[PDB]
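*Asks:* Shown below is the structure under consideration.
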Number of protein chains: 4
Amino acid sequence: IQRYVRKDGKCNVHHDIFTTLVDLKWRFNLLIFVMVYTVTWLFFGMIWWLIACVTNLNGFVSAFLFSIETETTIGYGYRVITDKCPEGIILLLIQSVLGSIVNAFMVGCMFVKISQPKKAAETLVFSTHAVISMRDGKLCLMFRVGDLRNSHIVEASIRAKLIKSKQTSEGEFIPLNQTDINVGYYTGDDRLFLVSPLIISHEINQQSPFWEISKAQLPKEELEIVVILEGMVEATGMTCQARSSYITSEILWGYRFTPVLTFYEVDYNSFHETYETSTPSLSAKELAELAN
Amino acid sequence: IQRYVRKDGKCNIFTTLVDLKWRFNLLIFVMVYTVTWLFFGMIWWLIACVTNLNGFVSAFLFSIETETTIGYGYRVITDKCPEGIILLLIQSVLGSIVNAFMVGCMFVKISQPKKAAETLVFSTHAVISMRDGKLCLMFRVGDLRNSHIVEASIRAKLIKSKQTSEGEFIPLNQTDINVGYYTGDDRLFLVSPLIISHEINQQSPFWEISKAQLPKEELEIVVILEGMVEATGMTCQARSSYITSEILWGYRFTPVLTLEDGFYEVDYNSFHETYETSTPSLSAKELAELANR
Amino acid sequence: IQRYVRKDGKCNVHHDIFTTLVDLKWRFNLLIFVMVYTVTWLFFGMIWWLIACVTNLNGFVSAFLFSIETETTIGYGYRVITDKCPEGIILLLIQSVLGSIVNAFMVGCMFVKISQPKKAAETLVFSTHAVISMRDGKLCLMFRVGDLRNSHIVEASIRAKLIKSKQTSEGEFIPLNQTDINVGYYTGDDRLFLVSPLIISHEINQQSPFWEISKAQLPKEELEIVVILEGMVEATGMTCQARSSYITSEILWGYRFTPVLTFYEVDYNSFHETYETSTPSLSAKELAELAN
Amino acid sequence: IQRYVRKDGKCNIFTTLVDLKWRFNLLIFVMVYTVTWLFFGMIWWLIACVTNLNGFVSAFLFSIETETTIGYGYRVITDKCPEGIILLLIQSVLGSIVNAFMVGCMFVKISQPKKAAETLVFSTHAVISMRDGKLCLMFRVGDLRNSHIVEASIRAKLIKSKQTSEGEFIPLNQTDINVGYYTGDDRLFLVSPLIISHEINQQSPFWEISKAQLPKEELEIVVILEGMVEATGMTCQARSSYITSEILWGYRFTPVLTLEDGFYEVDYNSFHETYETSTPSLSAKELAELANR
Ligand SMILES: [K+]
Ligand SMILES: [K+]
Ligand SMILES: [K+]
Ligand SMILES: [K+]
């Protein structure tokens, strides 16, 4: 049994032309466009030849240069239009109208491909390990988060899902039952502001799915913490998502994050790195019972 | 009377054009252009500045070649008149306005949020059965697309008539169904088709409704899903509705998740399918009293 | 002392070029554009005349037709470009680049003006009177809401502000102190779905600013209920706002809305109309005290 | 060390271009076009299909007239070569890509959300004083524009260092300041400049901080306001920051609202202004203990 979300953000789960085109390399992309235009010019060029209104046209090649010069609106005036036919005068209209729509679509896509905010999502980095340790009387599940590029994407919001197999009192099996892990939702502390990389901290309370799990129970647990971080880029109001996961073994008990902060200079080497201090090995449940 | 939202989610001067079908959208535009070319072509003829123009037809080819900015140079402009030099300006400016309406209509017609979430599907039925002691109304949602949805989120309303103690009748009362609102669990991480659960508690409009009352009842659950397309800046939306007959009592969804060679296989044939299980005939209210004693 | 928000949605309170242009009539709008283009053609036409590379140009008028034919990219070829000068060849570049930006800006605006969702906000209608009456044991402040056009804008969300003069224990005067009136926020019942016109219902509870006010107290009260309704149009994901107000005298005690529903045919005449039934004249506070 | 957000809200291949100043934005583009015209012009010369072309300069005017789609017809295309007929296609297609980047950069550069809320202003100072028994941190926000903001909403974070009982130091702890989140009162109806209030209760990071501690403290309040421009589909945003010295203790905002002939007059000179009032020297915590006994 392997994981459901990989550290980078791909799902290990199998099943708008714009959204097709964005996922395509420039190799393949440039190519869509050239074709889409040629096939219109081929199509319309063939209709001029079916119309033979035309000036200086001698072969197949001559009708092409016109079709293009008409649709692109160049019109050198070596190949002009006359009045002797009804059919050619009206084709030019249907062409120039359609030559507008096909253009708009292509530029719409061309923009959507370049506008895509998928690039900004790359510098968004998650810590490699999640750590459970004590923090102000309470046992806290913690992980780091931030951006590798300082300028853009400071505003964001974190959420976390917990995926585990489940069986109900009634016996129904829920394979990937997810429940939301509170990373600051009720307070508005999940609305992040990534000046620097921040430690996101889930407080292990009575509502926490980690309530009754101790240091010993932990590795003997088949759970996965999915982490979704979505933020708005600084130069553009366009927002992008970023995911990483944490399987059971990826969570270190008794550990605490290595502070990356030292003018303010941010040390990106220490980012993923963690250290352990003396931390109770007990479930947050039993710690709270003995606290009372 | 009928429903208000169909299974496919559809309900029962610029907006007018984007609401139209493509087939017509283009047809209107063709007219819209001809009528500008007719109008402006007629003004060139009223101006007769012109070169090689002989009849009505000749002024047209110019009007078009001017507005489309082709200009073959068989029909050029001279200087002898004031009127023609300035018309060309008013034409070329107005030729941008018309163009903008078209591209405007494009961008909008395509990037509408119904057309983005077309890959999001809702299960054909809702089901009412027991989950961990609580009676639950459930339906299934799923993305066929691998292109995930940013800030995906579920919500549902119940459209049923009701009457107050004071004798006030509300013909089409709407009360929101909780589908994870208070916990955050209504913000979906939607990869595998999820089974959304409304826990029929005290606050549920389904609190008092039993197995034998279910068919006799007259109501409509509307299910709405809004996120953002990961790749575009534009929103996606998926609606669906469950009328009283599509809400199966005492049934469960067939699991769509299987482990197949370092990957998990989702069977979308099983997506809609449901199976019957032993489930109480009482309302969630009446079960609460039984368990209370 | 008059109101702060008028029934239509204007504020009785005194104090991006796109947002300037949207508010302008087509009379004035068409006009901005024509000017913006002429002034570029005048400017660039004058630079061709400063350059005198040119073919068949005789007066001021001749340089204009070129400047236009170059910027609009027409180029009839009665006025072509030669090679004898460095200056003209490079101007054409600066023109065609700037002739792109000035165009883009104009079409950007032209779209933003037509795309404006201000029109859809018109058919959005509010009831003329707000009514306080009993509804399932509880005293409820109620008002109607809906769209005059059936097709578009069914999804919306209601919120309500309450504006009243205020003075703190410490003596600070807050002239237009607003507090949010719960019209279904905590439940998600404020997320409307306007199949038909709906009665929005504020439950007068211990949190309600109308808690301690009875039928007698009501007219002797200097309060205003601001009502913001914002919804997304059906054909376009573009969303628009719509406001109406309710001053103290606009709220009828003992009254209940006339049901507009009777296939389903919606009776838009009865929309604003209301009727009174036997309703307790007591503050929701004292009614709850005697209920216990 | 310095702040992270300035008073004006600004902090301390495509995104690279939209982040640039206009002056440069255009300059880059001029190059971007010349280098395409140079490149393609050189391919026409490598092709030498051409009419009236004599030197290097002649191939340029064509390359441009072809890419810009001008085409004067002094330099036309013939049929004798295969190579030239097909280059023109690759050129005219690639001439759209470059154009799209430019318009792309336009649309984006202008409709960025900082540039929309430029009319939203924040008060220069924050103030800490008493309101209806509760100690309150307040700041003022205001729209100079009459064009209102759809779904306007306030939020604030406090950037202060702290240390846990277990000896864990958090260099730049962020804890959200409540400015109406739980009630809905953080959704602003923003016409008149509002005085946003954080009630310094048990949950406030300012709970324990007194008058004499205030200056000695090292923290940063960040204030963020997001709504939508009523007229455009695009978002607007206003940031500002209040460093420890901009938070006046025991002060109050001067009222900006006056009744003047069937209308109300807002004085924006008074917007930023504050006045001192008798206010306790204790923390909101210590006042709570005094009142408790
Ligand atoms: K052209
Ligand atoms: K041309
Ligand atoms: K020509
Ligand atoms: K031409």
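Numbering starts fresh at 1 for the residues of each chain in the structure tokens, the chains themselves are lettered A, B, ... in the order given, and ligands are numbered from 1 as they appear.
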Under the rule of at most 12 Å, produce a per-residue listing of chain D near ligand 1: chain, number, name, the closest pair of atoms, and the distance in Å, as a tab-separated table, using only C-alpha atoms and all ligand atoms.

*Replies:*
residue	atom	partner	partner_atom_place_in_ligand_line	distance
D:64	CA	ligand 1	1 (K)	11.8
D:65	CA	ligand 1	1 (K)	9.1
D:66	CA	ligand 1	1 (K)	9.2
D:67	CA	ligand 1	1 (K)	9.6
D:68	CA	ligand 1	1 (K)	7.1
D:69	CA	ligand 1	1 (K)	4.6
D:70	CA	ligand 1	1 (K)	5.0
D:71	CA	ligand 1	1 (K)	7.7
D:72	CA	ligand 1	1 (K)	10.0
D:92	CA	ligand 1	1 (K)	11.7

*Asks:* Please tabulate, as a tab-separated table, the residues of chain A that come within 6 Å of ligand 3, each with its closest pair of atoms and the distance in Å to one decimal, counting only C-alpha atoms and all ligand atoms and ordering rows by chain, then residue number upward.

*Replies:*
residue	atom	partner	partner_atom_place_in_ligand_line	distance
A:75	CA	ligand 3	1 (K)	5.4
A:76	CA	ligand 3	1 (K)	4.1
A:77	CA	ligand 3	1 (K)	4.8

*Asks:* Can I get the selection written as a PDB file, in the first residue's frame, with N, CA, C and O atoms?

*Replies:*
ATOM      1  N   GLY A  75      -3.185  42.124 -48.193  1.00  0.00           N
ATOM      2  CA  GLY A  75      -3.659  42.637 -49.478  1.00  0.00           C
ATOM      3  C   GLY A  75      -2.683  43.543 -50.205  1.00  0.00           C
ATOM      4  O   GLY A  75      -2.795  44.778 -50.141  1.00  0.00           O
ATOM      5  N   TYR A  76      -1.717  42.937 -50.888  1.00  0.00           N
ATOM      6  CA  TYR A  76      -0.668  43.681 -51.584  1.00  0.00           C
ATOM      7  C   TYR A  76      -1.166  44.452 -52.808  1.00  0.00           C
ATOM      8  O   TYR A  76      -0.547  45.438 -53.221  1.00  0.00           O
ATOM      9  N   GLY A  77      -2.293  44.033 -53.367  1.00  0.00           N
ATOM     10  CA  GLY A  77      -2.858  44.741 -54.508  1.00  0.00           C
ATOM     11  C   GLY A  77      -2.229  44.315 -55.814  1.00  0.00           C
ATOM     12  O   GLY A  77      -2.385  44.989 -56.835  1.00  0.00           O
TER      13      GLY A  77
END

*Asks:* I need the strand (DSSP E) residues of segment 13-259 of chain C per DSSP on the backbone, written as number ranges by chain.

*Replies:* C: 13-14, 124-126, 130-135, 138-147, 155-167, 173-181, 191-193, 198-203, 223-232, 239-247, 251-253, 255-257

*Asks:* My list of candidates is B:39, B:74, B:151, B:112. Which is closest to residue 60 of chain B when distances are computed with only C-alpha atoms?

*Replies:*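 Selected residue with least distance to residue 60 of chain B: B:39.
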
*Asks:* Please list as a list in words every residue within 9 Å of residue 180 of chain C, counting only C-alpha atoms and excluding residues in the same chain fewer than 5 positions away.

*Replies:*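 The residues satisfying every condition are residues 159, 160, 161 and 162 of chain C; 183, 184, 185 and 187 of chain D.
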
*Asks:* With distances taken over only C-alpha atoms and all ligand atoms, which of D:228, D:130, D:76, D:282 is nearest to ligand 2?

*Replies:*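 For ligand 2, the nearest of the given residues is D:76.
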
*Asks:* Report as a PDB file with N, CA and C atoms, in the first residue's frame all protein, DNA and RNA residues lying within 12 Å of residue 2 of chain A, evaluated on only C-alpha atoms, omitting residues in the same chain fewer than 6 positions from it.

*Replies:*
ATOM      1  N   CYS A  11      -1.138  13.014  -7.846  1.00  0.00           N
ATOM      2  CA  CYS A  11      -1.976  11.958  -7.282  1.00  0.00           C
ATOM      3  C   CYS A  11      -1.701  10.579  -7.860  1.00  0.00           C
ATOM      4  N   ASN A  12      -1.542   9.609  -6.967  1.00  0.00           N
ATOM      5  CA  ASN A  12      -1.312   8.226  -7.361  1.00  0.00           C
ATOM      6  C   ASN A  12      -2.646   7.505  -7.545  1.00  0.00           C
ATOM      7  N   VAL A  13      -3.526   8.148  -8.312  1.00  0.00           N
ATOM      8  CA  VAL A  13      -4.901   7.706  -8.512  1.00  0.00           C
ATOM      9  C   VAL A  13      -5.257   7.832  -9.999  1.00  0.00           C
ATOM     10  N   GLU A 222      -1.725   4.008   9.873  1.00  0.00           N
ATOM     11  CA  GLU A 222      -1.734   4.091   8.406  1.00  0.00           C
ATOM     12  C   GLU A 222      -2.446   5.341   7.904  1.00  0.00           C
ATOM     13  N   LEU A 223      -1.849   6.500   8.178  1.00  0.00           N
ATOM     14  CA  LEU A 223      -2.458   7.794   7.852  1.00  0.00           C
ATOM     15  C   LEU A 223      -1.591   8.690   6.966  1.00  0.00           C
ATOM     16  N   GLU A 224      -2.244   9.629   6.288  1.00  0.00           N
ATOM     17  CA  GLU A 224      -1.578  10.553   5.386  1.00  0.00           C
ATOM     18  C   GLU A 224      -2.155  11.966   5.514  1.00  0.00           C
ATOM     19  N   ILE A 247       3.055  11.172   4.901  1.00  0.00           N
ATOM     20  CA  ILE A 247       2.676   9.847   5.411  1.00  0.00           C
ATOM     21  C   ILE A 247       3.171   9.669   6.844  1.00  0.00           C
ATOM     22  N   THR A 248       2.670   8.629   7.503  1.00  0.00           N
ATOM     23  CA  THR A 248       2.942   8.365   8.916  1.00  0.00           C
ATOM     24  C   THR A 248       4.427   8.454   9.308  1.00  0.00           C
TER      25      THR A 248
ATOM     26  N   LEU B 259      -7.047  -0.931  -5.630  1.00  0.00           N
ATOM     27  CA  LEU B 259      -5.581  -0.891  -5.658  1.00  0.00           C
ATOM     28  C   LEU B 259      -4.997  -1.755  -6.785  1.00  0.00           C
ATOM     29  N   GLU B 260      -4.405  -1.088  -7.770  1.00  0.00           N
ATOM     30  CA  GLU B 260      -3.906  -1.754  -8.965  1.00  0.00           C
ATOM     31  C   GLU B 260      -2.496  -1.295  -9.348  1.00  0.00           C
ATOM     32  N   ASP B 261      -1.504  -2.077  -8.913  1.00  0.00           N
ATOM     33  CA  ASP B 261      -0.087  -1.923  -9.298  1.00  0.00           C
ATOM     34  C   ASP B 261       0.483  -0.513  -9.090  1.00  0.00           C
ATOM     35  N   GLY B 262       0.849  -0.215  -7.843  1.00  0.00           N
ATOM     36  CA  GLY B 262       1.415   1.085  -7.476  1.00  0.00           C
ATOM     37  C   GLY B 262       0.523   2.280  -7.785  1.00  0.00           C
ATOM     38  N   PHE B 263      -0.729   2.009  -8.147  1.00  0.00           N
ATOM     39  CA  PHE B 263      -1.707   3.053  -8.420  1.00  0.00           C
ATOM     40  C   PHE B 263      -3.101   2.592  -8.030  1.00  0.00           C
ATOM     41  N   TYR B 264      -4.011   3.552  -7.916  1.00  0.00           N
ATOM     42  CA  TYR B 264      -5.384   3.275  -7.525  1.00  0.00           C
ATOM     43  C   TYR B 264      -6.308   3.475  -8.720  1.00  0.00           C
TER      44      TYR B 264
END

*Asks:* Within 9 Å of residue 264 of chain A, counting only C-alpha atoms, which residues qualify if same-chain residues fewer than 2 places away don't, as a ChimeraX atom specification?

*Replies:* /A:261-262,266 /D:1-2

*Asks:* Taking 6 positions as the minimum chain separation for residues in the same chain, which residues sit within 12 Å of residue 104 of chain B when counting only C-alpha atoms? Answer as a ChimeraX atom specification.

*Replies:* /A:101,104-105,108 /B:14-15,17-18,96-98,110-111 /C:107-116,236

*Asks:* Looking at only C-alpha atoms, which of D:44, D:56, D:107, D:169 is the one that sits closest to chain C?

*Replies:* D:107

*Asks:* Give me, please, the distance in Å between atom CA of residue 204 of chain B and atom CA of residue 203 of chain C, quoted to one decimal.

*Replies:*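 Atom-to-atom, atom CA of residue 204 of chain B and atom CA of residue 203 of chain C are spaced 17.8 Å apart.
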
*Asks:* As a VMD selection string, please: the residues near residue 201 of chain B (cut-off 10 Å, only C-alpha atoms, same-chain neighbours under 3 positions excluded).

*Replies:* chain B and resid 134 to 136 178 198 204 to 208 284 to 285 288

*Asks:* Would you export the selected residues with C-alpha atoms as a compact mmCIF listing (two decimals), in the first residue's frame, please?

*Replies:*
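Result file is selection.txt:
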# COMPACT_ATOMS: atom_id res chain seq x y z
CA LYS B 134 -26.08 9.11 12.58
CA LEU B 135 -28.66 9.00 9.81
CA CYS B 136 -27.09 10.54 6.70
CA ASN B 178 -25.11 21.32 5.98
CA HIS B 198 -25.27 15.52 5.35
CA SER B 204 -31.62 19.16 9.30
CA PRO B 205 -34.91 19.73 7.48
CA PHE B 206 -34.93 15.92 7.13
CA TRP B 207 -35.00 15.50 10.92
CA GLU B 208 -38.63 14.34 11.14
CA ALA B 284 -33.56 10.50 12.44
CA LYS B 285 -35.64 12.29 15.08
CA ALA B 288 -32.87 9.83 18.50

*Asks:* Check segment 17-239 of chain C with DSSP on the backbone and list each residue it calls helix (DSSP H, G or I), as a VMD selection string.

*Replies:* chain C and resid 18 to 22 26 to 50 60 to 71 86 to 115

*Asks:* Could the residues in this selection be written to a file with C-alpha atoms, as a PDB file, in the first residue's frame?

*Replies:*
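And here is the file that came out, again.pdb:
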ATOM      1  CA  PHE C  18     -11.645  52.257 -17.244  1.00  0.00           C
ATOM      2  CA  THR C  19     -13.865  52.961 -14.249  1.00  0.00           C
ATOM      3  CA  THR C  20     -14.183  56.544 -15.498  1.00  0.00           C
ATOM      4  CA  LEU C  21     -15.168  55.387 -18.992  1.00  0.00           C
ATOM      5  CA  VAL C  22     -17.781  52.866 -17.827  1.00  0.00           C
ATOM      6  CA  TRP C  26     -21.876  56.305 -25.451  1.00  0.00           C
ATOM      7  CA  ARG C  27     -22.291  59.911 -26.535  1.00  0.00           C
ATOM      8  CA  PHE C  28     -19.186  60.774 -24.483  1.00  0.00           C
ATOM      9  CA  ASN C  29     -17.569  57.365 -24.861  1.00  0.00           C
ATOM     10  CA  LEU C  30     -17.383  57.018 -28.660  1.00  0.00           C
ATOM     11  CA  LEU C  31     -15.931  60.504 -28.339  1.00  0.00           C
ATOM     12  CA  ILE C  32     -12.990  59.590 -26.087  1.00  0.00           C
ATOM     13  CA  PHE C  33     -11.907  56.958 -28.598  1.00  0.00           C
ATOM     14  CA  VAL C  34     -12.149  59.092 -31.762  1.00  0.00           C
ATOM     15  CA  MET C  35     -10.075  61.761 -30.030  1.00  0.00           C
ATOM     16  CA  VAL C  36      -7.453  59.373 -28.621  1.00  0.00           C
ATOM     17  CA  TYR C  37      -6.881  58.056 -32.141  1.00  0.00           C
ATOM     18  CA  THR C  38      -6.968  61.381 -33.967  1.00  0.00           C
ATOM     19  CA  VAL C  39      -4.455  62.859 -31.497  1.00  0.00           C
ATOM     20  CA  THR C  40      -2.091  59.953 -32.182  1.00  0.00           C
ATOM     21  CA  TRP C  41      -2.581  60.323 -35.941  1.00  0.00           C
ATOM     22  CA  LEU C  42      -2.111  64.097 -35.652  1.00  0.00           C
ATOM     23  CA  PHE C  43       1.023  63.537 -33.571  1.00  0.00           C
ATOM     24  CA  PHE C  44       2.546  60.900 -35.855  1.00  0.00           C
ATOM     25  CA  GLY C  45       1.396  62.646 -39.049  1.00  0.00           C
ATOM     26  CA  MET C  46       3.300  65.714 -37.852  1.00  0.00           C
ATOM     27  CA  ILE C  47       6.467  63.601 -37.400  1.00  0.00           C
ATOM     28  CA  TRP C  48       6.289  62.432 -41.032  1.00  0.00           C
ATOM     29  CA  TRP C  49       6.073  66.086 -42.026  1.00  0.00           C
ATOM     30  CA  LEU C  50       9.043  66.742 -39.709  1.00  0.00           C
ATOM     31  CA  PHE C  60      -0.568  68.400 -44.411  1.00  0.00           C
ATOM     32  CA  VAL C  61      -3.546  66.242 -45.412  1.00  0.00           C
ATOM     33  CA  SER C  62      -1.303  63.782 -47.305  1.00  0.00           C
ATOM     34  CA  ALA C  63       0.838  62.985 -44.229  1.00  0.00           C
ATOM     35  CA  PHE C  64      -2.326  62.244 -42.242  1.00  0.00           C
ATOM     36  CA  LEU C  65      -3.681  59.592 -44.634  1.00  0.00           C
ATOM     37  CA  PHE C  66      -0.274  57.925 -44.407  1.00  0.00           C
ATOM     38  CA  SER C  67       0.003  58.139 -40.596  1.00  0.00           C
ATOM     39  CA  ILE C  68      -3.423  56.492 -40.405  1.00  0.00           C
ATOM     40  CA  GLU C  69      -2.735  53.897 -43.140  1.00  0.00           C
ATOM     41  CA  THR C  70       0.458  53.014 -41.307  1.00  0.00           C
ATOM     42  CA  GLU C  71      -0.956  52.827 -37.776  1.00  0.00           C
ATOM     43  CA  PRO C  86      17.333  56.538 -41.584  1.00  0.00           C
ATOM     44  CA  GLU C  87      14.720  58.479 -39.576  1.00  0.00           C
ATOM     45  CA  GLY C  88      11.513  57.363 -41.347  1.00  0.00           C
ATOM     46  CA  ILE C  89      12.294  53.642 -41.273  1.00  0.00           C
ATOM     47  CA  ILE C  90      12.678  53.719 -37.479  1.00  0.00           C
ATOM     48  CA  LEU C  91       9.687  56.003 -36.775  1.00  0.00           C
ATOM     49  CA  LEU C  92       7.420  53.441 -38.422  1.00  0.00           C
ATOM     50  CA  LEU C  93       8.590  50.946 -35.766  1.00  0.00           C
ATOM     51  CA  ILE C  94       7.963  53.258 -32.812  1.00  0.00           C
ATOM     52  CA  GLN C  95       4.588  54.046 -34.398  1.00  0.00           C
ATOM     53  CA  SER C  96       3.534  50.441 -35.046  1.00  0.00           C
ATOM     54  CA  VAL C  97       4.561  49.428 -31.517  1.00  0.00           C
ATOM     55  CA  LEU C  98       2.777  52.398 -29.924  1.00  0.00           C
ATOM     56  CA  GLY C  99      -0.072  51.957 -32.423  1.00  0.00           C
ATOM     57  CA  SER C 100      -0.448  48.550 -30.766  1.00  0.00           C
ATOM     58  CA  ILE C 101      -0.499  49.758 -27.165  1.00  0.00           C
ATOM     59  CA  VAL C 102      -2.899  52.619 -27.829  1.00  0.00           C
ATOM     60  CA  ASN C 103      -5.138  50.146 -29.625  1.00  0.00           C
ATOM     61  CA  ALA C 104      -4.983  47.515 -26.868  1.00  0.00           C
ATOM     62  CA  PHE C 105      -5.841  50.162 -24.257  1.00  0.00           C
ATOM     63  CA  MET C 106      -8.822  51.333 -26.346  1.00  0.00           C
ATOM     64  CA  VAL C 107     -10.153  47.826 -26.936  1.00  0.00           C
ATOM     65  CA  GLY C 108      -9.461  46.924 -23.297  1.00  0.00           C
ATOM     66  CA  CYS C 109     -11.674  49.830 -22.301  1.00  0.00           C
ATOM     67  CA  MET C 110     -14.213  49.155 -25.083  1.00  0.00           C
ATOM     68  CA  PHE C 111     -14.612  45.653 -23.666  1.00  0.00           C
ATOM     69  CA  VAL C 112     -14.681  46.795 -20.020  1.00  0.00           C
ATOM     70  CA  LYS C 113     -17.429  49.266 -20.930  1.00  0.00           C
ATOM     71  CA  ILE C 114     -19.572  46.624 -22.667  1.00  0.00           C
ATOM     72  CA  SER C 115     -18.627  43.810 -20.282  1.00  0.00           C
TER      73      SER C 115
END

*Asks:* Using only C-alpha atoms, which residue out of A:281, A:127, A:179, A:133 lies closest to chain B?

*Replies:*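 Closest to chain B, using only C-alpha atoms: A:179.
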
*Asks:* What gap, in Å, lies between atom CA of residue 275 of chain C and atom CA of residue 130 of chain C?

*Replies:*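 These atoms are spaced 11.6 Å apart.
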